[PDB]
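A quick write-up on the structure given underneath.
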Amino acid sequence: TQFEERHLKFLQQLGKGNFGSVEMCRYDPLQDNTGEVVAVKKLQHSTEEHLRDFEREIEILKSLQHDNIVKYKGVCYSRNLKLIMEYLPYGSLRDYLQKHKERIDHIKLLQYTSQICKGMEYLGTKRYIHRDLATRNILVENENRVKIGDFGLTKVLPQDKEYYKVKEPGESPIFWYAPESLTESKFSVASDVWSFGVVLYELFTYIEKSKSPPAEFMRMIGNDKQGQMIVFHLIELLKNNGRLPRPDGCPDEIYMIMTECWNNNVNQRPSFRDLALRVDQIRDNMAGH
Ligand SMILES: CCn1c(C(=O)N(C2CC2)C2CC2)cc2c3c(ncn3C)c(Nc3nc(C)c(C)s3)nc21
C-alpha cells in the first residue's frame, strides 16, 4: 500500500480533471522491467484545501471493494501525495464507445448500464454521493466489464440528512446536474440517479458530437446565451419539462428509464436497485433469456 516514488517509472499522461491528473506508470522496484503498470492520480496544483479533499477521496476509494469500482492499490508520499490505482487498458467508456460504435450493440450497452447501476448501488450502501456520473468517468477493464473510475467529487452524506449541499468553485458539469443541484447545490442518491439517466442517454447516442448533452441543451436554450445566463436558462428549461430527446435507434423502454431518472420530483426518481432489475429484465427479453 506504500509505493516509493523512486520506483514509479512514468509511461504516459492518461487524462486531466479540473484539479487532479492521471498518468500511466510502471512500478518497477527491481528495475528489471517486470513491475506492474499502475494508474497514478496526482494534484495538478498542490494547495491545502485540494490536499485535504484528495486525502478524503483516497479514504473513500480505499473503503470501496466492488467489481465495478476501480481498485485502490496504495499511496505515494514524496506532501506530494499520489493515489495508486489498478491500470485499466481500454480507457474511458466515452472513448471506447466512440471507437467501437459499429461493433457495440444495445444488449452490450445494457450490460455496461447494469454494471454502472450495481457499482452505484454499492456507493449508496456506504452513503457516498458520486456527484460526477458521466461516461468520461467510467473506465473499461475489458469488452465485458466497466468500472466507476474516479471519485474526485464524491461526498459522504451527513448521518442525519439524505442530501449534501456543496458549491465547488470553478466550472461544474451542469448538463449532467439534477435541477435541485443547479438551484440549491443539493446532492443526493436521487441527483446521482438523474446523472445516471444522462449517462444512459450518452451511451445510446454512441457519443455523437452533435448529440452530446451540452450540444442538445445549448440548442434548446439558444447558442446566443452568455455564461451565468446558461445556468438560469437551463433551470427554466428543466422546470418546464424540457428534456434531452430520445437518441436515434433508442427503444422506447430505454428512453422511458431515462425520462423517469429525469423527474423534477426528487422522491419520484427510481432507485439504483430498481434500475438494475429493469435493465436486466430488458437485457433478458432482448436475449430471449
Ligand atoms: C480517461 C483517462 N483516465 C483517467 C482520467 O483521466 N480520469 C480523470 C480524473 C482525471 C478518470 C476517469 C475519470 C483515469 C484513468 C485510468 C485508466 N486506468 C486506470 N485508471 C484509474 C485509464 N487507462 C487508459 N488506458 C489507455 C490506453 C488510455 C488512453 S486511458 N485511463 C484513465
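Following the order of the C-alpha cells, chains are lettered A, B, ..., residues in each are numbered from 1, and ligands are numbered from 1.
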
ask   = Counting only C-alpha atoms and all ligand atoms, what residues are within 9 Å of ligand 1, given as JSON, numbers by chain?
value = {"A": [12, 13, 14, 15, 16, 17, 18, 19, 20, 21, 22, 23, 24, 38, 39, 40, 41, 70, 71, 72, 84, 85, 86, 87, 88, 89, 90, 91, 92, 93, 94, 95, 134, 135, 136, 137, 138, 139, 140, 141, 148, 149, 150, 151, 152]}

Enumerate, in order of chain and increasing residue number, the residues of stretch 30-135 of chain A with an atom no farther than 10 Å from stretch 200-204 of chain A, each with its shortest atom pair and distance in Å to one decimal, counting only C-alpha atoms, as CSV.
```
residue,atom,partner,partner_atom,distance
A:93,CA,A:203,CA,8.8
A:94,CA,A:203,CA,8.2
A:97,CA,A:203,CA,7.6
A:98,CA,A:203,CA,9.6
A:101,CA,A:203,CA,9.9
A:105,CA,A:204,CA,9.6
A:106,CA,A:204,CA,7.7
A:109,CA,A:203,CA,6.7
A:110,CA,A:200,CA,9.0
A:112,CA,A:203,CA,9.0
A:113,CA,A:200,CA,6.9
A:116,CA,A:200,CA,9.8
A:134,CA,A:202,CA,8.1
A:135,CA,A:202,CA,7.1
```

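A straight line drawn from atom CA of residue A:1 to atom CA of residue A:159 is 29.4 Å long.
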
request  = From a DSSP pass on the backbone, collect the residues of stretch 39-86 of chain A flagged as strand (DSSP E or B) and hand them back as a list in words.
outcome  = residues 39, 40, 41, 42, 43, 69, 72, 73, 74, 75, 76, 82, 83, 84, 85 and 86 of chain A

ask   = Could you write out, as a PyMOL selection string, all the residues of stretch 64-280 of chain A that DSSP marks as alpha helix (DSSP H)?
value = chain A and resi 93-100+106-125+179-184+189-204+213-221+228-239+252-261+272-280

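Of note, atom CA of residue A:190 and atom CA of residue A:244 are spaced 18.2 Å apart.
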
Nearby residues (only C-alpha atoms) at most 8 Å from residue A:28, same-chain spacing under 5 positions excluded, as a PDB file with N, CA and C atoms, in the first residue's frame:
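See selection22.pdb below for the written result:
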```pdb
ATOM      1  N   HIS A   7      10.679   4.231  -7.581  1.00  0.00           N
ATOM      2  CA  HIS A   7      10.385   3.016  -8.346  1.00  0.00           C
ATOM      3  C   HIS A   7       9.240   3.165  -9.355  1.00  0.00           C
ATOM      4  N   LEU A   8       8.571   4.331  -9.355  1.00  0.00           N
ATOM      5  CA  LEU A   8       7.443   4.674 -10.225  1.00  0.00           C
ATOM      6  C   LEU A   8       7.990   5.264 -11.521  1.00  0.00           C
ATOM      7  N   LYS A   9       8.024   4.464 -12.610  1.00  0.00           N
ATOM      8  CA  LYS A   9       8.529   4.908 -13.915  1.00  0.00           C
ATOM      9  C   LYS A   9       7.359   5.481 -14.755  1.00  0.00           C
ATOM     10  N   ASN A  33      12.335  -4.349 -15.298  1.00  0.00           N
ATOM     11  CA  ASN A  33      11.201  -4.241 -16.205  1.00  0.00           C
ATOM     12  C   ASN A  33      10.237  -5.445 -16.096  1.00  0.00           C
ATOM     13  N   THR A  34       9.893  -5.837 -14.855  1.00  0.00           N
ATOM     14  CA  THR A  34       8.950  -6.931 -14.552  1.00  0.00           C
ATOM     15  C   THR A  34       7.826  -6.403 -13.633  1.00  0.00           C
ATOM     16  N   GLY A  35       7.927  -5.124 -13.251  1.00  0.00           N
ATOM     17  CA  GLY A  35       6.940  -4.477 -12.407  1.00  0.00           C
ATOM     18  C   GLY A  35       5.621  -4.260 -13.127  1.00  0.00           C
ATOM     19  N   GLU A  36       4.561  -4.153 -12.350  1.00  0.00           N
ATOM     20  CA  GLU A  36       3.253  -3.955 -12.962  1.00  0.00           C
ATOM     21  C   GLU A  36       2.993  -2.496 -13.287  1.00  0.00           C
TER      22      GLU A  36
END
```

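Across the structure, atom CA of residue A:118 and atom CA of residue A:212 are spaced 24.6 Å apart.
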
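Among the candidate residues A:167, A:246, A:50, A:103, the one lying nearest to residue A:143 is A:103, with distances computed using only C-alpha atoms.
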
ask   = So which residues touch residue A:123 within 12 Å, counting only C-alpha atoms, skipping near sequence neighbours fewer than 3 positions away, as a VMD selection string?
value = chain A and resid 60 to 61 63 to 66 68 to 69 116 to 120 126 to 131 148 151 154 to 157 188 to 189 192 272 to 273

Please, could you write that set of residues out with C-alpha atoms as an mmCIF file, in the first residue's frame?
```
data_model
loop_
_atom_site.group_PDB
_atom_site.id
_atom_site.type_symbol
_atom_site.label_atom_id
_atom_site.label_comp_id
_atom_site.auth_asym_id
_atom_site.auth_seq_id
_atom_site.Cartn_x
_atom_site.Cartn_y
_atom_site.Cartn_z
ATOM 1 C CA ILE A 60 -13.367 6.859 0.119
ATOM 2 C CA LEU A 61 -11.665 4.742 -2.663
ATOM 3 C CA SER A 63 -13.173 1.837 1.578
ATOM 4 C CA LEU A 64 -14.708 0.592 -1.756
ATOM 5 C CA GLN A 65 -14.348 -3.062 -2.904
ATOM 6 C CA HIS A 66 -16.547 -3.947 -5.889
ATOM 7 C CA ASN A 68 -17.497 -2.242 -10.963
ATOM 8 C CA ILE A 69 -15.289 0.175 -8.973
ATOM 9 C CA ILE A 116 -22.874 1.110 -13.517
ATOM 10 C CA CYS A 117 -26.163 0.595 -11.515
ATOM 11 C CA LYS A 118 -24.521 -2.122 -9.374
ATOM 12 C CA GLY A 119 -21.411 -0.001 -8.660
ATOM 13 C CA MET A 120 -23.704 2.983 -7.812
ATOM 14 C CA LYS A 126 -21.842 3.497 2.184
ATOM 15 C CA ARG A 127 -23.908 6.749 1.907
ATOM 16 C CA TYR A 128 -21.459 8.147 -0.692
ATOM 17 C CA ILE A 129 -22.711 10.616 -3.374
ATOM 18 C CA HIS A 130 -20.619 10.377 -6.565
ATOM 19 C CA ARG A 131 -21.719 13.851 -7.908
ATOM 20 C CA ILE A 148 -16.587 3.712 -11.930
ATOM 21 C CA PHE A 151 -14.162 9.721 -7.038
ATOM 22 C CA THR A 154 -17.588 12.110 -4.071
ATOM 23 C CA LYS A 155 -19.120 13.225 -0.778
ATOM 24 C CA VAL A 156 -20.182 11.308 2.328
ATOM 25 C CA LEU A 157 -23.741 12.115 3.454
ATOM 26 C CA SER A 188 -28.089 13.034 -3.033
ATOM 27 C CA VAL A 189 -28.543 9.441 -4.271
ATOM 28 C CA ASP A 192 -26.859 10.609 -8.928
ATOM 29 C CA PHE A 272 -30.382 2.071 -8.386
ATOM 30 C CA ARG A 273 -31.645 -1.414 -7.333
#
```

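The list of residues with at least one atom within 8 Å of stretch 184-186 of chain A, based on only C-alpha atoms and without residues fewer than 3 positions apart in the same chain, reads residues 163, 164, 165, 166, 167, 180, 181 and 191 of chain A.
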